[PDB]
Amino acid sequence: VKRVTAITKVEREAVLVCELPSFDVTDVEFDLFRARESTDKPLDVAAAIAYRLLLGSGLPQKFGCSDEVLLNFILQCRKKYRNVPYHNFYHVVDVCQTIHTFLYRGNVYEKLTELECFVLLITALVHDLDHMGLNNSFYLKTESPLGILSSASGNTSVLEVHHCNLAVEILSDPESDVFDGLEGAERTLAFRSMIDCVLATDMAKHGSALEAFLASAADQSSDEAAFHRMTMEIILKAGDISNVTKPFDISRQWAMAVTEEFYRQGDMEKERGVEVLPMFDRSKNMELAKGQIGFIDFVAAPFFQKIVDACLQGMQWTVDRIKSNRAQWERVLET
């Protein structure tokens, strides 16, 4: 909860010169991999996508966040992502872009206030800060120093509490405080809801978040504040597991990257003497198809179909695309 090094004029100018013609950052078919390949500075192009998405929405303007404070914030986030195969700055820009499509192509903006929409798009960019490509189980199973601190401290969401700490750190500088235009009660809601949503991305809480959302949607008018809170949690979670809702070739590129992080975690566990689950073990697997089908069947397809049928009807395309992708992997297996 303290200062960071100031963003410079030159760093800002390097983002502002990126052009992006022939991309539409609001479209469900937008391809971040093609955007990255189109230029020799893919980190500047990724920052420009986030900047143009947020400014194009009208939300920072509504809530007192200047163009310069928004760009500073995006660049402070970028500096705190690591060179890891999947949980990097590209993943969080992808989640931000995807949530924009759920809100404005899927019409989920009808269920939320404008302030809640602004907090969601901002939260997407902080939600994995300083991720080291290792999950909560790694830290606890191996007695790594952060696992010892979680054990002594109480909380088992090692990663997600860390991400929240760093978000608070970035927002402590007035030059990058995107919530500085909010007054009293609203500023408090913004921080509380950002923290709640990030803490809800721990997949150990996947089942309990889903059930609380479906219960709150069953009678919305009985408790409106609860329904709003849970809708924000469920949309960030949906963005976070959205790789299987994309055009097949895009979906496959994401799957390759996360698979490599799984294997590297297994390698590090084996080296520290722990007996690894076979999903994380290079020596126990071959092609991607069977694992993507398993992820779809046991996690993503029931999640998306349940939230769509419960009240998010405008997001039907996600279920259709998941089914299409699953059929493509199944054809790979059958041949």
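By rigid core we mean the largest C-alpha set that fits within 1.5 Å across both forms. Residue indices: 1-based, along the sequence shown.
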| task | Going by root mean square C-alpha distance after a core fit, say whether 119-127 or 140-148 is farther from the shown form in 9 other deposited structures of this protein. | result | 140-148
| field | in 9 other deposited structures of this protein, rigid core aligned: more displaced of 267-275 and 49-57 by C-alpha RMS | value | 267-275
| request: Mind pulling up the entry and telling me whether 120-128 or 189-197 has the higher mean Cα temperature factor? | output: 189-197
| note | Between 304-312 and 34-42, the record assigns the higher mean Cα B factor to 34-42
| field | Largest Cα B-factor, entry values, listed residues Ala225, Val258, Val108, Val84 | value | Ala225
| request: Could you tell me which one of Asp240, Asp202, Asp173, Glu233 shows the highest CA temperature factor in the PDB record? | output: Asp173
| query | Which third of the chain holds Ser144 when residues are ordered by C-alpha B factor: lowest, middle or highest? | reply | highest
| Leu182 CA temperature factor, ranked by third within the chain | highest
| task | Using the B-factor values recorded in the entry, state whether the Cα atom of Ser251 falls in the lowest, middle or highest third among the modelled residues of its chain. | result | middle
| query | Ranked by Cα temperature factor within the chain, is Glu211 in the lowest third, the middle third or the highest third? | reply | highest
| task | Comparing against every modelled residue in the chain, figure out the third that the C-alpha B-factor of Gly294 lands in (lowest, middle or highest). | result | lowest
